[PDB]
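Engineer: Okay, handing you the structure first.
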Amino acid sequence: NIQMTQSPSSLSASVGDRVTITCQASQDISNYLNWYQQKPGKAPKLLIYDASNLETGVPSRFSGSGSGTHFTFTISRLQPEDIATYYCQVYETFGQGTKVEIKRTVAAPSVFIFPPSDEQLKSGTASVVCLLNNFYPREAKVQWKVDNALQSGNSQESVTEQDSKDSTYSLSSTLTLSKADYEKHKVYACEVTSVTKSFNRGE
Amino acid sequence: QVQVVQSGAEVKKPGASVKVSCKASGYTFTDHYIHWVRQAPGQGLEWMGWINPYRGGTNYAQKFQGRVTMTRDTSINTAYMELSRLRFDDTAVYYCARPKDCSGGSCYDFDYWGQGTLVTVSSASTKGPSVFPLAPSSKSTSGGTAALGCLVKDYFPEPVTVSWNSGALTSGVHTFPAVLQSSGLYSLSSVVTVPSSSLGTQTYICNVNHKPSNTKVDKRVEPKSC
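Residue numbers (this note's numbering), protein chains in the order written: chain H, 331 to 533; chain S, 160 to 385.
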């Protein structure tokens, strides 16, 4: 029956400036629109109810306005912990969502490398982990060199969501090899673009 | 305090059914409706239906009509959402929520949400995780900062949660999202950066919880001597 049009789909803004999101209802819904904040891995949290009222406990920097068909959600000064996806909703219809992100200054990653544990080696498998810690922006290329030979198809990457405090990202690359293959080679290098972190298996 | 607590995540085979519980406390269970909203991975929120705990009346969205059943037991303040004939795309986090007080007859201001319940529609079986240390060493030390962690490998289904020192260690912690390996099992790493001068003095224990297999692992990560 009712269709919500949320805009923008995503935005990126600096700490302290004003974040603005709009929702348009297909029909007059009076002031019966709510706004939610969903942090990653979390349930949605009600922020604004009845389009204007601050839900109990919600910080005062969040506000909403509008009546009829046009509505607005605003964060007066964006905080580092406000990284989330925000939804508007009336009755049974949820808006498409707005992922707000923080623009911050460039930070180089801290690169660490972990050889496979002896405990895992007893199981017949080797996982070697390369860690990129607290970097911005999100773009990063990670590749594995085994005895200075390029690897492909045997590594998986995982990137955390933007940190709630320093607004940085972290990345992990996991090269998975059999126990026999791991003991068949010596030099294990992680190349991040460009810096290199490597170890020798026997050391 | 007003709390709404759901049952744990589980994996159900395609064509089977799942029933998620939703226990409310801290308020009169019959004074508020109980709604259900689901969220597929990386998608938006989808309203499923509501139930009135007083008399048991329900109202389902037509998408789930004939396939969903919402019941309640007032004697234990618990609502239930049963979804039958599970499809592969029924894989989602299922939430229950209650609305605020209102007098218009349609209260939809969801002020309290359950923690959610990840239902994975798959034929793969439940497997507990293996936890291995990510020991700090010279290769894990940059400047005056050292990195350590735990590797949680070969578990199914999601999720696993990781804490450090039973929650007392949160600063610098990064628990990466799980990756789906080619074997069909999940795997993730949880890491934390600490001063290198604390290695061998401070104790670092990772607490890995995998409720689907009812398995908890606490492992002390010890420094390497290289």
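Cβ atoms here follow ideal geometry from the backbone N, Cα and C, with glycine treated the same way.
#1: The alpha helix (DSSP H) spanning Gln450/H covers which residue range?
#2: Over the uninterrupted beta strand (DSSP E) stretch that includes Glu521/H, give me the two end residues.
#3: If distances are taken between C-alpha atoms only, which option among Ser453/H, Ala519/H, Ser497/H, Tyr379/H comes closest to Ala343/H?
#4: Give a yes or no on whether the C-beta atoms belonging to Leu293/S and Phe392/H are separated by under 8 Å.
#5: What number of angstroms, rounded off, separates the C-alpha of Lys475/H from the C-alpha of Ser341/S?
#6: I'd like to know if the segment 431-439 of chain H and the segment 379-399 of chain H are in contact, where contact means that at least 3 CB-CB pairs between them fall below 8 Å.
#7: Please list, in chain order, all residues of the same chain as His369/S whose beta carbon is under 7 Å from its beta carbon, the five residues on each side excluded.
#8: Please identify, using Cβ separations under 7 Å, the residues of the segment 385-405 of chain H that lie next to chain S, in order along the chain.
#9: Name, please, each residue of chain H whose Cβ falls closer than 8 Å to the Cβ of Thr237/S.
#10: Determine the burial state of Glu513/H: buried for a count of at least 16 other Cβ atoms within 10 Å of its Cβ, exposed for fewer.
#11: Are the Cβ atoms of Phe401/H and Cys353/H separated by less than 8 Å?
#12: Could you tell me the boundaries of the beta strand (DSSP E) in which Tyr421/H lies?
#13: Just to make sure I have the definition right: I need the residues of chain S whose C-beta is within less than 8 Å of the C-beta of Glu422/H. Which are they?
#14: From this set, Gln198/S, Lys172/S, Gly225/S, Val351/S, which residue's C-alpha is nearest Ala327/S's C-alpha?
#15: What span of residues does the alpha helix (DSSP H) with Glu411/H cover, start to end?
#16: Could you check whether the segment 181-198 of chain S touches the segment 251-259 of chain S, counting it as contact only if at least three pairs of C-beta atoms, one from each stretch, sit closer than 8 Å?
#17: Is there at least one non-hydrogen atom of the ligand SAM closer than 7 Å to the beta-carbon of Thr423/H?
#18: Measure the Cβ-Cβ separation of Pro446/H and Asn463/H and say whether it is below 8 Å.
#19: For the alpha helix (DSSP H) containing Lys509/H, list its first residue and its last residue.
Structural biologist: By the coordinates alone:
#1: Along the first sequence, read from residue 1 onward, the residue named residue 450/H stands at position 120. For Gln450/H, the enclosing alpha helix (DSSP H) has its first and last residue at 448-451.
#2: Taking the first sequence and counting its residues from 1, the one referred to as residue 521/H is at position 191. Run containing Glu521/H: 517-522, per the beta strand (DSSP E) assignment.
#3: Numbered from 1 along the first sequence, position 13 holds the residue referred to as residue 343/H. The residue with the shortest Cα to Cα distance from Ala343/H is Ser497/H.
#4: Start at 1 with the first residue of the second sequence, and residue 293/S comes out as number 134. Start at 1 with the first residue of the first sequence, and residue 392/H comes out as number 62. Cβ distance not < 8 Å, so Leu293/S and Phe392/H don't count as in contact.
#5: Taking the first residue of the first sequence as position 1, residue 475/H is located at position 145. Taking the first residue of the second sequence as position 1, residue 341/S is located at position 182. Answer to the nearest angstrom: the Cα atoms are 21 Å apart.
#6: The answer is no - the segment 379-399 of chain H does not touch the segment 431-439 of chain H, with fewer than three Cβ pairs under 8 Å.
#7: As a working mapping, residue 369/S is identified with position 210 in the second sequence. Taking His369/S as the centre and dropping the five residues before and after it, the same chain places the C-beta of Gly287, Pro288, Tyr314, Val319 closer than 7 Å to its C-beta, in chain order.
#8: Along the segment 385-405 of chain H, the positions whose C-beta sits under 7 Å from a C-beta of chain S are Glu385, read in chain order.
#9: Stepping through the second sequence from its first residue, residue 237/S is reached at position 78. Simply none; closest approach about 18 Å.
#10: Start at 1 with the first residue of the first sequence, and residue 513/H comes out as number 183. Exposed, since its Cβ has fewer than 16 Cβ neighbours within 10 Å.
#11: Within the first sequence, the letter at position 71 stands for residue 401/H. Within the first sequence, the letter at position 23 stands for residue 353/H. Using a Cβ distance threshold of 8 Å, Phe401/H and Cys353/H count as a contacting pair.
#12: As a first step, residue 421/H is located in the first sequence; it is residue number 91 there, counting from the start. Following the DSSP letters along the chain, one finds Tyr421/H in no beta strand (DSSP E), marked with neither H nor E.
#13: Taking the first residue of the first sequence as position 1, residue 422/H is located at position 92. Simply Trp206, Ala220, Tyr267.
#14: By one-based count along the second sequence, residue 327/S stands at place 168. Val351/S is the residue among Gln198/S, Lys172/S, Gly225/S, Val351/S whose C-alpha sits nearest the C-alpha of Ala327/S.
#15: Position 81 of the first sequence holds residue 411/H. Segment: none, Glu411/H is in no alpha helix (DSSP H) and carries neither H nor E.
#16: Flag = yes, the segment 181-198 of chain S and the segment 251-259 of chain S touch.
#17: Among the components modelled here there is no ligand, and therefore nothing to report on the ligand SAM.
#18: Numbered from 1 along the first sequence, position 116 holds the residue referred to as residue 446/H. Numbered from 1 along the first sequence, position 133 holds the residue referred to as residue 463/H. No. Outside cutoff.
#19: Against the first sequence, residue 509/H aligns to sequence position 179. For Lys509/H, the enclosing alpha helix (DSSP H) stretches over residues 509-513.
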